[PDB]
Amino acid sequence: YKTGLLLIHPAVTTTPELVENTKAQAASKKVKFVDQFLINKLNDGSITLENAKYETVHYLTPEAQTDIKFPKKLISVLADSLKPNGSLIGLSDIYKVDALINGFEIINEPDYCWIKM
């Protein structure tokens, strides 16, 4: 069974629907998400939980606005909590070059992510 991460921006995910869905996908399979990081509370410094076994990552932010999403410094802090089979289910087009330089390996298998080694 797998121990992972769910990382959420509150705007769509403060109602129960996206939270129940990510939990439904994990639950009918064999993952459970344990560690809940909000975008404003992680950037402020409230949640520091482990530096190791979350090696399955989901980022649910709303993707209908065309504005910019995430800082590079939090991608380096998120990578520091993982191991060579880290597997990100996240981040889009600018983040391709960001995955390259931070040490992620971007695999396009249509849950589109990045597996850090």
# chains A, B, ... in the order shown; residues from 1 in each chain; ligands from 1
$ residues_around --residues "residue 58 in chain A" --least-positions-apart "3" --cutoff "10 Å" --atoms "only C-alpha atoms" --output "PyMOL selection string"
chain A and resi 4-8+22+33+61+87-91+113
$ atom_distance --atom1 "CA of residue 111 in chain A" --atom2 "CA of residue 77 in chain A"
23.0 Å
$ closest_residue --among "A:30, A:24, A:3, A:73" --to "residue 57 in chain A" --atoms "only C-alpha atoms"
A:3
$ residues_around --residues "residue 51 in chain A" --least-positions-apart "2" --cutoff "12 Å" --atoms "only C-alpha atoms" --output "PyMOL selection string"
chain A and resi 4-5+35+47-49+53-55+77-83
$ closest_residue --among "A:107, A:101, A:94, A:74" --to "residue 37 in chain A" --atoms "only C-alpha atoms"
A:74
$ select_by_dssp --residues "range 4-115 of chain A" --states "helix (DSSP H, G or I)" --output "ChimeraX atom specification"
/A:10-13,16-28,39-44,72-79,94-102
$ write_last_selection --atoms "N, CA and C atoms" --output "compact mmCIF listing (two decimals), in the first residue's frame"
# COMPACT_ATOMS: atom_id res chain seq x y z
N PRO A 10 -7.12 26.13 -1.98
CA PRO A 10 -8.51 26.10 -1.48
C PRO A 10 -9.67 26.47 -2.41
N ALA A 11 -9.42 27.09 -3.56
CA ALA A 11 -10.52 27.77 -4.27
C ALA A 11 -11.61 26.84 -4.79
N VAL A 12 -11.24 25.78 -5.50
CA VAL A 12 -12.23 24.74 -5.84
C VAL A 12 -12.29 23.68 -4.71
N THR A 13 -11.17 23.38 -4.06
CA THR A 13 -11.09 22.25 -3.14
C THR A 13 -11.60 22.52 -1.70
N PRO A 16 -16.60 19.70 -0.79
CA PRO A 16 -16.19 18.29 -0.64
C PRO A 16 -15.93 17.50 -1.94
N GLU A 17 -16.20 18.06 -3.12
CA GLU A 17 -16.25 17.23 -4.34
C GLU A 17 -14.87 16.80 -4.84
N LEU A 18 -13.92 17.73 -4.99
CA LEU A 18 -12.57 17.34 -5.43
C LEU A 18 -11.81 16.53 -4.37
N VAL A 19 -12.09 16.79 -3.09
CA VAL A 19 -11.48 16.00 -2.00
C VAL A 19 -12.01 14.55 -2.01
N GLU A 20 -13.33 14.36 -2.10
CA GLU A 20 -13.88 13.00 -2.21
C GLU A 20 -13.42 12.24 -3.47
N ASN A 21 -13.19 12.94 -4.58
CA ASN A 21 -12.73 12.29 -5.81
C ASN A 21 -11.30 11.79 -5.73
N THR A 22 -10.38 12.64 -5.28
CA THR A 22 -8.98 12.20 -5.11
C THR A 22 -8.88 11.05 -4.08
N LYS A 23 -9.65 11.14 -2.99
CA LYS A 23 -9.79 10.01 -2.08
C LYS A 23 -10.49 8.80 -2.72
N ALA A 24 -11.45 8.98 -3.64
CA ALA A 24 -12.09 7.81 -4.27
C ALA A 24 -11.15 7.04 -5.21
N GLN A 25 -10.42 7.77 -6.05
CA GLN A 25 -9.38 7.20 -6.89
C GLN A 25 -8.32 6.41 -6.10
N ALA A 26 -7.74 7.05 -5.09
CA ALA A 26 -6.79 6.35 -4.20
C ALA A 26 -7.42 5.15 -3.48
N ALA A 27 -8.67 5.28 -3.05
CA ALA A 27 -9.27 4.26 -2.16
C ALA A 27 -9.70 2.97 -2.87
N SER A 28 -10.45 3.05 -3.96
CA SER A 28 -10.71 1.86 -4.80
C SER A 28 -9.46 1.16 -5.35
N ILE A 39 -1.85 25.65 -0.06
CA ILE A 39 -0.86 26.54 -0.69
C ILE A 39 -0.45 27.76 0.17
N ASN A 40 -1.39 28.39 0.87
CA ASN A 40 -1.04 29.53 1.74
C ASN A 40 -0.45 29.11 3.10
N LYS A 41 -0.85 27.96 3.65
CA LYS A 41 -0.30 27.51 4.93
C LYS A 41 1.09 26.87 4.79
N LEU A 42 1.39 26.21 3.67
CA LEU A 42 2.75 25.68 3.47
C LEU A 42 3.77 26.79 3.20
N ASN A 43 3.35 27.77 2.42
CA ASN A 43 4.18 28.95 2.14
C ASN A 43 4.37 29.87 3.36
N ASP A 44 3.44 29.84 4.32
CA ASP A 44 3.62 30.59 5.57
C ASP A 44 4.55 29.84 6.55
N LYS A 72 8.98 28.39 -7.62
CA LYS A 72 10.03 27.36 -7.76
C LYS A 72 10.57 26.85 -6.41
N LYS A 73 10.74 27.75 -5.44
CA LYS A 73 11.29 27.36 -4.12
C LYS A 73 10.45 26.30 -3.40
N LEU A 74 9.13 26.29 -3.59
CA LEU A 74 8.32 25.23 -2.96
C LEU A 74 8.45 23.90 -3.71
N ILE A 75 8.69 23.89 -5.03
CA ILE A 75 9.04 22.65 -5.74
C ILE A 75 10.37 22.06 -5.21
N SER A 76 11.37 22.88 -4.86
CA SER A 76 12.59 22.32 -4.25
C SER A 76 12.34 21.75 -2.84
N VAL A 77 11.53 22.43 -2.03
CA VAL A 77 11.15 21.90 -0.71
C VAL A 77 10.30 20.62 -0.81
N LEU A 78 9.37 20.54 -1.76
CA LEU A 78 8.59 19.33 -1.98
C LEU A 78 9.46 18.15 -2.46
N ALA A 79 10.43 18.40 -3.33
CA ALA A 79 11.37 17.35 -3.75
C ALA A 79 12.26 16.84 -2.60
N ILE A 94 5.24 25.39 -18.37
CA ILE A 94 6.48 26.00 -17.82
C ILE A 94 7.23 25.01 -16.90
N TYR A 95 6.43 24.15 -16.30
CA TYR A 95 6.93 23.25 -15.28
C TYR A 95 7.71 22.07 -15.91
N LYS A 96 7.60 21.85 -17.23
CA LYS A 96 8.47 20.89 -17.94
C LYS A 96 9.96 21.23 -17.79
N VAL A 97 10.36 22.45 -18.14
CA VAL A 97 11.75 22.89 -17.91
C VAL A 97 12.08 22.94 -16.41
N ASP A 98 11.11 23.29 -15.57
CA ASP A 98 11.30 23.23 -14.12
C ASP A 98 11.58 21.81 -13.60
N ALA A 99 10.84 20.82 -14.11
CA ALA A 99 11.12 19.41 -13.81
C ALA A 99 12.51 18.98 -14.27
N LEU A 100 12.93 19.46 -15.44
CA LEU A 100 14.27 19.11 -15.96
C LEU A 100 15.39 19.53 -15.01
N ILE A 101 15.31 20.78 -14.56
CA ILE A 101 16.41 21.40 -13.82
C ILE A 101 16.45 20.99 -12.34
N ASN A 102 15.27 20.81 -11.75
CA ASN A 102 15.19 20.34 -10.36
C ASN A 102 15.58 18.86 -10.20
$ select_by_dssp --residues "chain A" --states "strand (DSSP E)" --output "JSON, numbers by chain"
{"A": [2, 3, 4, 5, 6, 7, 8, 31, 32, 33, 34, 35, 36, 37, 38, 57, 58, 59, 60, 88, 89, 106, 107, 113, 114]}
$ write_last_selection --atoms "C-alpha atoms" --output "PDB file, in the first residue's frame"
ATOM      1  CA  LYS A   2       1.235   3.555  -0.675  1.00  0.00           C
ATOM      2  CA  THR A   3       1.743   6.638   1.493  1.00  0.00           C
ATOM      3  CA  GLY A   4       1.396   9.916  -0.412  1.00  0.00           C
ATOM      4  CA  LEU A   5       0.728  13.628  -0.598  1.00  0.00           C
ATOM      5  CA  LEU A   6      -2.234  15.697  -1.575  1.00  0.00           C
ATOM      6  CA  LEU A   7      -1.388  19.390  -2.142  1.00  0.00           C
ATOM      7  CA  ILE A   8      -4.422  21.651  -2.691  1.00  0.00           C
ATOM      8  CA  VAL A  31      -3.166   4.403  -2.202  1.00  0.00           C
ATOM      9  CA  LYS A  32      -4.208   6.539   0.765  1.00  0.00           C
ATOM     10  CA  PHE A  33      -3.277  10.204   0.995  1.00  0.00           C
ATOM     11  CA  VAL A  34      -2.057  11.180   4.473  1.00  0.00           C
ATOM     12  CA  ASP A  35      -0.483  14.624   4.415  1.00  0.00           C
ATOM     13  CA  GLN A  36      -2.465  17.708   3.537  1.00  0.00           C
ATOM     14  CA  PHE A  37      -0.660  20.835   2.468  1.00  0.00           C
ATOM     15  CA  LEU A  38      -2.578  24.003   1.619  1.00  0.00           C
ATOM     16  CA  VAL A  57       2.057  13.255  -5.053  1.00  0.00           C
ATOM     17  CA  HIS A  58      -1.194  14.886  -6.288  1.00  0.00           C
ATOM     18  CA  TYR A  59      -1.626  18.687  -6.835  1.00  0.00           C
ATOM     19  CA  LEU A  60      -5.240  19.770  -7.274  1.00  0.00           C
ATOM     20  CA  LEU A  88       4.347  13.764  -9.148  1.00  0.00           C
ATOM     21  CA  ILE A  89       0.838  13.994 -10.664  1.00  0.00           C
ATOM     22  CA  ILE A 106       8.818  13.805 -17.042  1.00  0.00           C
ATOM     23  CA  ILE A 107       6.839  10.826 -18.274  1.00  0.00           C
ATOM     24  CA  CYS A 113       3.608  13.543 -14.328  1.00  0.00           C
ATOM     25  CA  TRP A 114       7.223  13.597 -13.307  1.00  0.00           C
TER      26      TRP A 114
END
